[PDB]
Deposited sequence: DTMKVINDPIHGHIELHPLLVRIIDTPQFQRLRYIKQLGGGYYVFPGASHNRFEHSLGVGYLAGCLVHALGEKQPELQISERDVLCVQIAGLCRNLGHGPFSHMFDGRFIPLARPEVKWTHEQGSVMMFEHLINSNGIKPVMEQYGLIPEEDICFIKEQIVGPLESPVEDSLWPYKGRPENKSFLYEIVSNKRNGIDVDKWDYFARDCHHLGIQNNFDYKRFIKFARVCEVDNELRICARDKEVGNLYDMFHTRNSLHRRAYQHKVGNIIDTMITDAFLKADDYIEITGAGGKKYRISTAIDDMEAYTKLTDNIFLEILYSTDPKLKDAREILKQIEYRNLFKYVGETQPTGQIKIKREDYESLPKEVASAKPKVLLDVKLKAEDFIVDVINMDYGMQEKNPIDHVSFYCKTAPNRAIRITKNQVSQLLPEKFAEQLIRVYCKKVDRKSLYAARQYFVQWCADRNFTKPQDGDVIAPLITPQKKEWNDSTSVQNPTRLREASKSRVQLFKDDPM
C-alpha cells in the first residue's frame, strides 16, 4: 500500500517506496539477514556483527539519494520516477548473490570446491534476482507502479553485472549512461556501494571513515564526455577521491585482510570442504544439492547461509566429525598460526597458476638452523593477496571526469602530477602471508626459519620482524643489511 520508514544507524530515516518493500519482504531478500558482511572478521572485530541485509538497504537508499540529487539540480536530464525506482532496486539487489560468510564463499570456497566454474557474487545476484521476481509475482506489482518489466528488469540486471552481451546496453540509451555509474561503476569503481560500506563497516569495526559521500553528492553533475552523458565531480574534489581509495586500502589492510580474520575464513572453508559430501540442501522439485552445488539452483541457494556453520558445529553424524572438529578448534582459538608476511620486489608478480606450488617451495627451503622438527608442504598455507585501487595497475582517477566552477558543463581530465607529488607511485601490489598448521612451539619456530629463508631465496622483502624471529637467517642477505 504505502511508503515505509526504516531507521538505520548510518543513514537515519530511510523511506521505502512500496514496490521496494515488496521486493524486500521475500525469502530471497530476507536471506541476507543471515550472511555476515565481513565473514570471519566478526571473530576479530566483535562489533562487526552486521549482515548483508542492512548493507543492501543502505546501498538502495544511497542510490536513490544520488539519482534524486542529479535530477533536482539538472531537470534537463529527464530522470523519471521509473529511473529512480530501477536504480534503487539495483542498489537493493546487488548483494543478493552472496554466500555464507560473504567473500569467503566466492573468494575461497567455490574456487577450491568447483575450480572449473567461474562464479561471482554479481552473477549470483542476477540469478537470485530473477528467482526473486518470478517466485514472488513481482512483475504485476512493477507494472502497477509504472515500470515496464521487460526493459526495466534488463536495466536492473545490467546495473549489477554489466552488459548481458557501440553502446552495449539495452535497458537504457546513451543519454542515460550516467545511471549505470551509480550502483556498480565498472568504469572507475566510484559507486554508492563503497560509500555505504565505508560508513557501515567503520561504525561497526570501531575505525573511523574519512570519506564524505554527501559532499561528493553535492558536487556531482552530469556532463557530456565522448558523446555519453557521464557523472562528473568538481575539480577541487580530486584530492578527496584519491583519499577515498586510500581509505579503501586502509580498511583492507587493517580489517578485511586482517591476518587472523583471513585464517578463520580459511579454516571455515576447510570445514566446508570436509562437510560438502554430507550436507544436503533441498532445492527445486525436491532435488538435493551440496554446499558446492547450491549455486546451480536458486531455490537451494536461498537456503544456503551462515547457518551451515552451526549445522556442522552442532552435528552428531560421525561423517561430519572432521568438519566439526575444525570448527571446534575455532571456538577454542586453536588457530593455524601466522608465520609472517612479505612482498615481491622488482617487477616480480606472482601468477595465480603458481599459487599451489608455494607451500612446497617454503617446505623446500634450507635454512641453516638446528631444527628438532621437519615440516612438509601440507603444513604450510601461503595466502597471496592482491591489493590495489580497484583497477589492477591502473589509476582510477585517470578514469574520472571533472568540471570547473567557471564552466560546469565542460568535462576535463586531471592527471596525478596536477594534484600532488605525495600520492602513490603505484596502484597495485601483492602481499604474501604464510601460516603453519602445526601450532606447537617447536613447529612454529621451525616454520619461521623456513619462511624467512624462502623470502631470502626469492628475493622478497625482509619481514618486519625478520631479525627477531629468524636472527640466524637474516644476516646471510646482503641486500637486507
| item | value |
| --- | --- |
| Sequence ranges without modelled C-alpha atoms (deposited numbering) | 166 to 171, 488 to 514 |
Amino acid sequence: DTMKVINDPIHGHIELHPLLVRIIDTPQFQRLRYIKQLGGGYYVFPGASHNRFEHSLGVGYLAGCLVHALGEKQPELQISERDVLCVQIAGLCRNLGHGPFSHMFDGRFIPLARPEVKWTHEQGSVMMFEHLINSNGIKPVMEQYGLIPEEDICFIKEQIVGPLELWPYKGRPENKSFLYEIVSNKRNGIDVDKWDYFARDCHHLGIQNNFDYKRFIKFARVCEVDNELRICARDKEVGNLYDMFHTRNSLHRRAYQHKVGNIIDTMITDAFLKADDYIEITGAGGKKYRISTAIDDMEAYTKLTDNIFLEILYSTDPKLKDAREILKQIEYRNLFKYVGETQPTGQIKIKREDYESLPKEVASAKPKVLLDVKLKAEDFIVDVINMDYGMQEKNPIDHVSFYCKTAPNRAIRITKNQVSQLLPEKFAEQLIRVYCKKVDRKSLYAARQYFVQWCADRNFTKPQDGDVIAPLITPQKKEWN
From here on, numbers count along this sequence of modelled residues.
{"query": "Greater mean Cα temperature factor according to the PDB record, 21 to 29 or 468 to 476", "finding": "468 to 476"}
{"query": "Comparing 278 to 286 with 395 to 403, the one whose average Cα B-factor in the PDB entry is higher", "finding": "278 to 286"}
{"query": "Among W195, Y180, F272, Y355 - the residue whose C-alpha B-factor is largest in the record", "finding": "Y355"}
{"query": "C-alpha B-factor winner, where the candidates are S292, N210, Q257, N188", "finding": "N210"}
{"query": "CA B-factor ranking of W119, expressed as a third of its chain", "finding": "highest"}
{"query": "CA B-factor ranking of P359, expressed as a third of its chain", "finding": "middle"}
{"query": "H11 by Cα B-factor - lowest, middle or highest third of the modelled chain", "finding": "lowest"}
{"query": "Chain-wide C-alpha B factor ranking for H55, given as lowest, middle or highest third", "finding": "lowest"}
{"query": "Modelled-residue ranking by C-alpha temperature factor, third containing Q329", "finding": "middle"}
